Amino acid sequence: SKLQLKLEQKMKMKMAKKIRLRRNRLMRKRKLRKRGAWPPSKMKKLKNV
Amino acid sequence: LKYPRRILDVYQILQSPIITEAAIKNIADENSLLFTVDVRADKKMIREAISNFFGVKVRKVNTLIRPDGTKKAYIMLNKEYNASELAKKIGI
Amino acid sequence: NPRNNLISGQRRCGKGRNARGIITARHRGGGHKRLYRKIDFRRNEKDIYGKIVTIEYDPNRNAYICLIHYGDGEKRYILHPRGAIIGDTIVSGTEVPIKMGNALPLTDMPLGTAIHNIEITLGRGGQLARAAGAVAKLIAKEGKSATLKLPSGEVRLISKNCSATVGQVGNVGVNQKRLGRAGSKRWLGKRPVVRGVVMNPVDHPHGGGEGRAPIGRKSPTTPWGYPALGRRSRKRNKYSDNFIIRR
Amino acid sequence: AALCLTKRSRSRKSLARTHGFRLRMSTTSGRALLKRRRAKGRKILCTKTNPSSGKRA
RNA sequence: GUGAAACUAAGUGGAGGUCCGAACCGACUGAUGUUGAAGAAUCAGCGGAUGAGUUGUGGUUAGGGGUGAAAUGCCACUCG
RNA sequence: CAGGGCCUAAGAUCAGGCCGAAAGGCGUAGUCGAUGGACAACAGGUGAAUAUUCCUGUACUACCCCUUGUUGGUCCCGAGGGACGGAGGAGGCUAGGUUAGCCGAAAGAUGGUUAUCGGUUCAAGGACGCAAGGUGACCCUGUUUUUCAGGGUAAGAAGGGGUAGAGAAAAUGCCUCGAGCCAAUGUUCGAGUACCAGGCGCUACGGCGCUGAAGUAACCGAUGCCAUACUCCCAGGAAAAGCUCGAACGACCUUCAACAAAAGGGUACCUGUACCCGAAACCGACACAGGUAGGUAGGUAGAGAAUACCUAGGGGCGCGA
RNA sequence: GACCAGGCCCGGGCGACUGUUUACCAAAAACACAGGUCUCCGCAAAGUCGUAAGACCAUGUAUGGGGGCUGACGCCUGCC
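Residue numbers (the entry's author numbering), protein chains in the order written: chain 6, 94 to 142; chain U, 102 to 193; chain C, 23 to 269; chain 3, 91 to 147.
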């Protein structure tokens, strides 16, 4: 009974983990768009500079 | 009630096709075709005025303004309809 | 615990000085944002105890403030006095005994006591003697007044039904905290003041000529013409509640 | 350092919030200015911008 | 080191309105340039460069005024 | 993708309200107002002028339909959160760089020599998961307390959960369970019948056509991520909406209507998009030895974004002899 | 070994100092400064702008807010 509760809390940990990591990676992508340095074509072409 | 954004005389929402060579490139290469519309137009009003007057499912409606004032509309039809067999009927 | 949802947020922007935009309170500008602290001057919860959990630095004040809870679910800030033991319990009310930190109306108390936060009339938040060491004493009471020696060397009979937080208010050691970094005046949002001799006659009345100009006028004046030594700037008939100026 | 040059690359949005038609019509004084512009015969009584598009030319 | 103090080796730490010096900001000397390349700059060095810093964007104070770390300075190459 | 269809700061306009010869001044609710907060796309190709926009691949948002349950649901209200400082240096790694391995070619008329010359590329996203990094509470033992070895506590983490007061959520007080937690990085799919050195066939000699090898390891090491992570200091570091939770009171609609999901399909609002942008196109009247916010930061020598010479890329400064 | 890359010492005057100042002839010994002192102000505060309503002061309360002069620090600051 208790291990199933630990699996429900673990499932809450997976759902909230995927949501928080999704929000974090999208906000990193917005922080790199706002500086003007996000798209890896515009960085991979400017690897030499 | 279902209002549009603006009531804009729907039998005049399209003005003229474009007969440049790049338009024929869009026909043979894109299954799309080129119209000249007025500035007061939509991706919802032009898109309805193609599936009714022509009888063709239109895929997308890529619009742009042109600095002489008038508006240009690249309309891409569905895969089921060739734009070349529907453009020779009009006169392209 | 910062971000208490009691710091109250939106203010008028920094140490402002604009009435219509004209400089009207001079030498202001600069520093941090200095987000204010909405503290509980007028204690509207009487006869319920409350502990003390945090002594937070209010950047708006010269002293500190403290976060006080209650037995019910609330959070307030009050001025903590000198002697605020962490975890000590304060309680406002009408018959609450005298302790360094709690509040009570000015009637139900003896005379000759150290009190910081007093009221000048009923209903107001808190007016007098709330700086970083400002302590007001009581001379004996009267029928509906109370002669109170507030920390200017000044006595004042006052309305007796006024709330008062008994205690000597702490952070006295700002008498000796030196500003010796010499640009720390600018961190408080206080621009440098120019002096009247070294201005022009269009600006100040002591706009001089060659050299360190002597003061020239019969009296040292303000930049708006009034004499700036001895001339008491007080309306002749306002209250007549003060007994003697004693200054 | 810069030069003693006055106008620069300020956005036309902020030039239209100051010298545009709205702050020119929000006062009795500015609409009196438009009495003098329309009374003289100027083809362009304000210097503005547009929130949608740039120029039809 | 004494029953505790006062004080000191040694590390750890990274404070400064600290120092040298780029971007950046500013303009101390000298030469050039004076119908100048430029209605205030070029060249060689120069002062600050974690701050009382610099700058973008959106604003604010308007002339019997504003603003001024105060020069009658600045307020569109115009300011007693 | 950037703004508007979302939100507010400074500030502006301010219904009513106060004031004032007029014009209008003050000021609350409210509404505008990005330089901020919220929200979903990357790689290759095409191309006289367009590419996160067009084609192809894999995705992700916001609603509808299709299946299970519910009788209430939405908004206003109550709350959490959004939500924030400066400096400091140490870790863990990525981006880039160098070297080595591998693959292809190479005789470049010189004394010798292959020691030489080019590739060694891959994103967003979907899954699985984190240590020798930080965090996890107290005491003894061994070691420089430390990385670790060992014992005990019943709270001592991320987190949940019960209650008690006028107490739905929250907050406060009490009790209990949980030894782990956090995030860059990472493996696989995407992803090769792509890209790519080379050779193979014609030149409008401007390029197209067919085929295609290896595509790994280690040392450095970021000013980029972890990271609003810790430590220190005073000069004490925005607001609102989106989001999440929830009783009473208040407005509306009610059964195949509303709400919450699980796969699968459908649908995709306006404006900006060229070009110059350390400038001949902007601002200095000039195709003016001047100015203009921000981003990317290769090699060698060097502490270094100075300096000297160079790869990429771009020029030879629009009078010459 | 190129480019790059502190000249220093001994005295004195002034200003303690870092800074700010006359955009386009003066960067200073000038202004500011930390510190000192006098003086006004009890909150319906003083002071400032406005005929007024009102606003800054200040969502602060004499250890605070104006205003005058002097300018760290050390010794003092006499007579009328």
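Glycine residues also receive a C-beta, built at the ideal position from the N, C-alpha and C atoms.
Checklist entry - When Cβ atoms are compared, which residues of the stretch 92 to 114 of chain 3 fall closer than 8 Å to chain U? => result If the cut-off is 8 Å between Cβ atoms, the stretch 92 to 114 of chain 3 has nothing near chain U.
Checklist entry - How should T243 (chain C) be labelled, buried or exposed, when 16 other C-beta atoms within 10 angstroms of its C-beta is the threshold for buried? => result buried
Item to check | Contact set between the stretch 166 to 180 of chain U and chain 3, restricted to residues whose Cβ is under 8 Å from the partner | outcome: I166, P168, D169 and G170
Checklist entry - Among all the DSSP beta bridges, which residues are the ones paired with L139 (chain 6)? => result In DSSP, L139 (chain 6) forms no bridge with anything.
Checklist entry - Could you check where the beta strand (DSSP E) with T108 (chain 3) kicks off and where it finishes? => result Per DSSP, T108 (chain 3) belongs to no beta strand (DSSP E); it is in the alpha helix (DSSP H), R102 to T108.
Checklist entry - Which partner residues of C35 (chain C) appear in the DSSP bridge assignment? => result In DSSP, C35 (chain C) forms no bridge with anything.
Item to check | Cβ pair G123 (chain C), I137 (chain C) closer than 7 Å | outcome: No. Outside cutoff.
Checklist entry - With 16 as the cutoff for other CB atoms within 10 Å, does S185 (chain C) come out buried or exposed? => result buried
Checklist entry - What is the residue span of the alpha helix (DSSP H) that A109 (chain 6) lies within? => result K95 to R128
Next on the checklist: According to DSSP, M177 (chain U) sits in a beta bridge with which residue or residues?
Outcome noted: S133 (chain U) and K161 (chain U)
Checklist entry - How do the stretch 159 to 175 of chain C and the stretch 189 to 204 of chain C stand: do at least 3 beta-carbon pairs fall below 8 Å, yes or no? => result no
Checklist entry - Since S143 (chain 3) meets chain U, which of its residues come closer than 7 Å, beta carbon to beta carbon? => result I166
Checklist entry - Is the stretch 131 to 142 of chain 3 touching the stretch 149 to 161 of chain U in the sense that three or more CB pairs, one from each, lie closer than 8 Å? => result By the Cβ rule, the stretch 149 to 161 of chain U does not count as touching the stretch 131 to 142 of chain 3, because fewer than three pairs are nearer than 8 Å.
Next on the checklist: Taking the beta strand (DSSP E) that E78 (chain C) belongs to, which residues open and close that run?
Outcome noted: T76 to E78
Next on the checklist: List, in chain order, every chain U residue whose beta-carbon is nearer than 9 Å to that of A147 (chain 3).
Outcome noted: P168, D169 and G170
Item to check | Residue range of the unbroken beta strand (DSSP E) whose run includes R178 (chain C) | outcome: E176 to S181
Checklist entry - Between the C-alpha atoms of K180 (chain U) and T137 (chain U), what's the straight-line distance to the nearest angstrom? => result 23 Å
Item to check | C-alpha distance - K97 (chain C) paired with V142 (chain 6), whole-angstrom precision | outcome: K97 (chain C) and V142 (chain 6) have their C-alpha atoms roughly 56 Å apart.
Checklist entry - Which of helix, strand or coil does DSSP assign to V188 (chain C)? => result strand
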